[PDB]
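Student:
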Amino acid sequence: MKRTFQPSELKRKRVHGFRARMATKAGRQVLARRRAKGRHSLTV
Amino acid sequence: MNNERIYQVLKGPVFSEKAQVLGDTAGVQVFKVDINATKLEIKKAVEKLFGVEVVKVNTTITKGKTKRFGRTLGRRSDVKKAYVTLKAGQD
Amino acid sequence: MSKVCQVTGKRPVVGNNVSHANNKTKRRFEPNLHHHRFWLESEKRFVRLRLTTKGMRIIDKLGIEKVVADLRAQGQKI
Amino acid sequence: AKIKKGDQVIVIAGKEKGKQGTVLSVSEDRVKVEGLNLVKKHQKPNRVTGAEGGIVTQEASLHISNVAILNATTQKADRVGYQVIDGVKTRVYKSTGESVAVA
Amino acid sequence: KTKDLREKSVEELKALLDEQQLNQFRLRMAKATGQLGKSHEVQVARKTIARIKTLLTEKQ
RNA sequence: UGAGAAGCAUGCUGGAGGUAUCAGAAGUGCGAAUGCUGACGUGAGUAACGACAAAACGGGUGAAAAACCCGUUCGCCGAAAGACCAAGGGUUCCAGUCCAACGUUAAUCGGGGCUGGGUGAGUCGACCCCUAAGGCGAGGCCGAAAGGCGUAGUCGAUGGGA
RNA sequence: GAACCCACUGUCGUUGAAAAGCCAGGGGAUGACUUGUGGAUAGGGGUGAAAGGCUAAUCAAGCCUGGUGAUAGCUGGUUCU
RNA sequence: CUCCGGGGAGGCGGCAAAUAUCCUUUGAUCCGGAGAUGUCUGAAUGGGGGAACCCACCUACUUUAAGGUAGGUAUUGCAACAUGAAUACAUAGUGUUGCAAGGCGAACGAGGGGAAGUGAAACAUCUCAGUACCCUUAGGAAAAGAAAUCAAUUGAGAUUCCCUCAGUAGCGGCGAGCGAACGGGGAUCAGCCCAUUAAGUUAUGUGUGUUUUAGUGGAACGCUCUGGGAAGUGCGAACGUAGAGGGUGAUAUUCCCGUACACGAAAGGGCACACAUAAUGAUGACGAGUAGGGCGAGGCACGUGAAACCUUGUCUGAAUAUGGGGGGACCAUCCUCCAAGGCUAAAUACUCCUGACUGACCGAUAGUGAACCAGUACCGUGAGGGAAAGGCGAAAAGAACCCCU
Ligand SMILES: NCCC[C@H](N)CC(=O)N[C@@H]1[C@H](O)[C@@H](OC(N)=O)[C@@H](CO)O[C@H]1NC1=N[C@@H]2C(=O)NC[C@@H](O)[C@H]2N1
């Protein structure tokens with residue numbers, strides 16, 4: 001049966017990407033939190 | 001195109017059965033080149049530093065392998081190869 | 001770009017509605033703002049300002065030229 | 002104090018206490034002495050280089066604080082101090098104050 | 002070598018840099034082919050290239 | 001040995017710390033909370049080994065062959081169980097070598113470990129020129145702030161252009 | 001009436017081959033049709049040929065992090081002589 | 001990589017041994033200071049974009065082919081200049097140059113908005129609480145501050161913080177709860193101006209003093225017994241302005257590194273005080289749409305109450321030193337102060353970070369989630385969640401060689 005995850009890299013980058021996060025204040029706060037926690041990879 | 005870039009364009013020759021057959025049969029040289037080098041750069045570099053006349057250049061890029069030593073992973077760097085065709089019998 | 005009076009600086013403030021059973025809910029009080037065109041002789045033109053009726057009372061008492069000079073000195077494009 | 006690659010030392014602690022020789026190398030806090038502190042090494046032969054293996058005897062390092070410089074005149078263990086003779090620093094024996102013999 | 006390197010003019014230094022880069026390329030080719038047993042030649046060529054560029058920046 | 005929580009002496013193991021007396025302070029005593037973490041039992045050498053398209057023999061190699069290789073027969077698919085492309089994956093592709101772990105059995109075999117190779121374009125595709133839905137948006141209008149919408153523009157293929 | 005899209009009956013399966021299937025039958029099959037790529041609508045909100053249906057195996061108010069060690073006149077447990 | 005200073009025999013960073021080529025007393029490795037170089041993304045700023053990519057233009061030099069070097073090309077605000085509509089003067093608009101800003105980061109400060117779980121043994125006033133959270137924006141601190149203030153013997157004398165007064169006076173479905181001030185004792189102490197204009201502060205240079213970024217010297221122990229090994233037993237000795245600590249084959253003041261103490265800086269940095277130049281303070285010259293009032297709210301311990309006082313959304317509205325504000329409804333008398341203009345150190349709050357030192361704090365299920373290649377493996381579309389895993393030996397001396405397979 002069809003499952004929930006149907007991967008598409010263009011959609012992945014446009015929804016969860018670095019520039020998408022930079023575009024809004026809440027996304028910049030997300031990036032700040034992840035930098036403070038010390039994640040090795042900030043975004044997808 | 002300057003001399004400083006000229007001395008960095010080429011890296012070394014390729015030693016393999018395919019390269020050996022190509023050289024022994026069609027007079028084609030195989031070189032490892034800089035990843036950012038272009039065909040015109042390669043042509044001018046070969047012509048200046050080997051005194052032979054180049055007919056055409058073909059290039060290809062091979063991605064590096066990802067493999068493990070012990071408990072850590074690693075990746076090798078990409079390698080760009082150049083197939084340089086010379087005229088008649090040269091080099 | 002806001003409900004702010006150019007002449008006096010008034011703006012909405014917050015408060016409470018109070019019912020007969022003393023229930024309190026948040027509200028705001030708004031200024032009596034609106035647009036008005038004033039003839040300015042020194043520059044031969046109409047200047048349009050967003051201001052309150054208290055702003056008009058101040059303009060009536062002091063003159064339009066003095067008020068415009070004060071706003072320009074405060075750094076507004078009038 | 003100081004102990005360098007050429008001096009004559011005497012072992013003051015360990016299984017080799019009382020013996021003497023010439024130091025071979027100094028590195029960190031370990032020193033090697035000629036003919037002293039020998040070990041038996043079971044060496045496997047090296048396929049690439051041949052050199053069929055066997056049992057060999059070689060020096061092993063001691064702690065640098067287990068050896069003392071030797072005073073030739075009195076043949077006894079001694080400490081090392083520094084003195085500015087003329088305009089240059091030099092090593093001297095604490096007991097007598099004379100200059101330390103060179104290698 | 003920087004001592005005697007500093008005792009040369011700008012034009013001499015630039016030429017020296019030119020044959021030094023040429024020599025570095027030649028040594029790289031020789032080592033890649035396997036005709037060079039000693040790599041300190043490559044190391045010192047690199048080092049003097051850096052030295053000449055430093056001295057040129059200082060002198061200009 | 002003492003009424004008890006417990007104390008004392010000593011054989012073996014172990015290989016560097018322990019601590020009287022009298023005071024002082026507590027992370028001070030566990031069998032249970034369908035308590036928490038790790039290790040190991042019973043069921044039990046029990047059920048099962050994943051489409052009922054199907055296998056048989058000779059030779060080879062090997063420590064070992066029902067499963068690998070070569071050969072001779074038998075059977076199954078054939079609008080897909082064959083041949084391609086996009087998306088997605090990323091070396092799984094080829095050769096040599098190894099069999100501990102992985103493969104629902106063994107394995108000399110492998111999409112497994114190790115070493116070394118391999119992707120060649122003016123014409124194929126992308127990049128590039130053009131725009132749809134839609135997004136962003138100099139000035140601008142609006143909003144306590146953060147911001148909302150939008151003009152000129154600028155992007156955006158699933159479409160047009162050797 | 002094939003492909004394709006559905007899901008009416010029965011057997012089996014229920015520590016399954018499968019966290020919704022297989023097999024034998026069944027319905028629509030030029031239309032209010034099926035489908036790829038890319039977009040829009042966001043939680044007392046959305047969307048709904050309307051079942052309180054669906055909104056990432058979660059829905060009479062999604063998920064995550066904070067207030068937060070919420071409160072519990074209730075149940076359990078509470079270690080030497 | 002370069003220079004300056006230190007230092008004096010080894011060195012070529014770690015996992016991580018071996019090996020090779022080697023460097024170094026013509027002074028290496030190493031330590032401190034000052035310089036040179038410094039790809040691409042990212043506020044990212046030439047345009048665009050799915051971050052680490054795609055596409056450009058203009059100058060100067062260089063090439064003869066299809067390029068190379070360097071510089072420049074964002075927006076907004078301010079200033080100068082130029083140009084310039086409807087529209088005649090003009091203004092709007094447009095461009096060039098020069099200057100400045102944007103982003104990030106622990107806590108503390110100030111300001112704009114602002115809950116509910118809960119308690120009241122139910123619940124709506126009330127509480128929780130101006131707490132959590134969101135937004136804007138400083139500084140090394142911020143804010144406040146020199147009486148239109150309190151007091152009530154006619155006395156005190158700017159602001160801030162701590163101890164009392166006191167769980168008192170009061171507020172309150174007079175419930176649950178909330179909760180002062182006066183006075184007294186301390187910490188620190190400081191005032192100066194409104195157009196000829198002050199104290200103070202910030203930059204720049206000079207001078208003096210201190211501190212800091214490498215380092216140098218630095219005392220004194222032998223014999224014997226046990227033992228694999230002595231620092232341990234037994235016997236005697238020495239230093240102490242040094243008997244802190246760490247290491248060495250078991251427990252060391254006299255073996256090593258050190259310790260007390262005494263010395264030390266080419267060059268650079270901080271702080272302190274004093275001079276010179278800037279600049280600021282400093283659009284402001286005694287305070288009118290202001291004080292006061294009517295209506296609705298908010299703040300004061302104070303919930304409309306006998307409710308003074310402060311702020312203002314709306315409507316109004318004085319006197320102006322023979323004047324005006326306050327003393328908790330209001331009036332009279334007394335006492336006290338002068339609003340509608342400004343600047344100002346200390347005592348106070350905090351720790352992303354740096355150096356030294358300390359613990360009746362933990363010792364691998366503890367202590368940070370993380371002693372180990374941890375915000376990793378792994379889970380999730382995503383925000384996010386989130387582990388397990390320390391110990392051979394003093395020294396590899398890490399088992400040559402033989403046998404089964
Ligand atoms: N601290 C909180 C006290 C709560 C009250 N006590 C509850 C109460 O008694 N409400 C009643 C009630 O709602 C109803 O009359 C009746 N009885 O049904 C109305 C009819 O006018 O009158 C209300 N009374 C008031 N309205 C006024 C107001 O809001 N402001 C001023 C003063 O006039 C207030 N008092």
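Protein chains in written order, with the deposited numbering: chain 1, 1 to 44; chain S, 1 to 91; chain W, 1 to 78; chain T, 2 to 104; chain X, 2 to 61.
Using N, Cα and C, we set each Cβ at its ideal position, and we do this for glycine too.
I want to see whether chain X comes within less than 8 Å of residue 41 (chain S), judged by CB atoms only; does it?
Tutor: Position 41 of the second sequence, counted from the start, is the residue given in the question as residue 41 (chain S). Cβ-Cβ to chain X under 8 Å: no for residue 41 (chain S).
Student: Let me know the secondary structure DSSP gives residue 4 (chain T) once reduced to three states.
Tutor: The residue you call residue 4 (chain T) lines up with position 3 of the fourth sequence. The answer is coil: DSSP assigns residue 4 (chain T) none of H, G, I, E or B.
Student: Output yes or no for whether 8 Å exceeds the beta carbon distance between residue 78 (chain W) and residue 7 (chain W).
Tutor: Here residue 78 (chain W) is taken as the residue at index 78 of the third sequence, counted from 1. Here residue 7 (chain W) is taken as the residue at index 7 of the third sequence, counted from 1. It is not a contact, given that the beta carbons lie outside the stated cut-off.
Student: Applying the criterion that 16 or more other CB atoms from any shown protein chain within 10 Å of the CB defines a buried residue, is residue 5 (chain T) buried or exposed?
Tutor: If you number the fourth sequence from 1, residue 5 (chain T) lands on position 4. Answer is exposed; the Cβ neighbour count stays below 16.
Student: Under 7 Å from any heavy atom of ligand 3, does the C-beta of residue 17 (chain W) make it?
Tutor: Here the bound small molecules are ligand 1; ligand 3 is not part of this structure.
Student: Are the C-beta of residue 34 (chain X) and some C-beta of chain S separated by less than 8 Å?
Tutor: Here residue 34 (chain X) refers to the residue found at position 33 of the fifth sequence. Yes, residue 34 (chain X) lies at the interface with chain S (some Cβ there is under 8 Å from its Cβ).
Student: Comparing the CB of residue 23 (chain W) with every heavy atom of ligand 1, is any distance shorter than 7 Å?
Tutor: Position 23 of the third sequence, counted from the start, is the residue given in the question as residue 23 (chain W). Because no heavy atom of ligand 1 lies under 7 Å away, the Cβ of residue 23 (chain W) does not count as near it: no.
Student: Quick one: list the residues of chain S neighbouring residue 22 (chain X), beta-carbon separation under 8 Å, in chain order.
Tutor: Taking the fifth sequence and counting its residues from 1, the one referred to as residue 22 (chain X) is at position 21. The contacting residues are 3, 4 and 7.
Student: So, are the CB atoms of residue 73 (chain T) and residue 102 (chain T) less than 8 Å apart?
Tutor: Position 72 of the fourth sequence holds residue 73 (chain T). Position 101 of the fourth sequence holds residue 102 (chain T). Yes; because the gap between Cβ atoms is below 8 Å, this pair is in contact.
Student: Please classify residue 26 (chain T): does DSSP put it in a helix, a strand, or coil?
Tutor: The residue you call residue 26 (chain T) lines up with position 25 of the fourth sequence. Correct three-state label for residue 26 (chain T): strand.
Student: Roughly how far, in whole angstroms, is the beta-carbon of residue 84 (chain T) from the beta-carbon of residue 75 (chain T), given that I think they are within contact range, below 8 Å?
Tutor: Residue 84 (chain T) sits at position 83 when you count from the first residue of the fourth sequence. Residue 75 (chain T) sits at position 74 when you count from the first residue of the fourth sequence. Between residue 75 (chain T) and residue 84 (chain T) the Cβ distance is about 19 Å, and since that is not below 8 Å, they are no contact.
Student: Pull up the DSSP beta-bridge partners for residue 79 (chain T), would you.
Tutor: Residue 79 (chain T) sits at position 78 when you count from the first residue of the fourth sequence. Residue 79 (chain T) is bridged to 70 (chain T).
Student: Show which residues of chain X have a CB atom less than 8 Å away from the CB atom of residue 12 (chain S).
Tutor: For this step, residue 12 (chain S) is matched to residue 12 along the second sequence. 29, 30, 33 and 34, listed in chain order.
Student: To the nearest angstrom, report how far apart residue 15 (chain W) and residue 1 (chain 1) are at their CA atoms.
Tutor: Along the third sequence, read from residue 1 onward, the residue named residue 15 (chain W) stands at position 15. Along the first sequence, read from residue 1 onward, the residue named residue 1 (chain 1) stands at position 1. Between residue 15 (chain W) and residue 1 (chain 1), the C-alpha separation is close to 58 Å.
Student: Buried or exposed for residue 12 (chain W), please, with buried defined as at least 16 other CB atoms from any protein chain shown within 10 angstroms of its CB.
Tutor: On the third sequence, position 12 is the one that residue 12 (chain W) refers to. Counting Cβ neighbours within 10 Å, residue 12 (chain W) comes out exposed, since fewer than 16 surround it.
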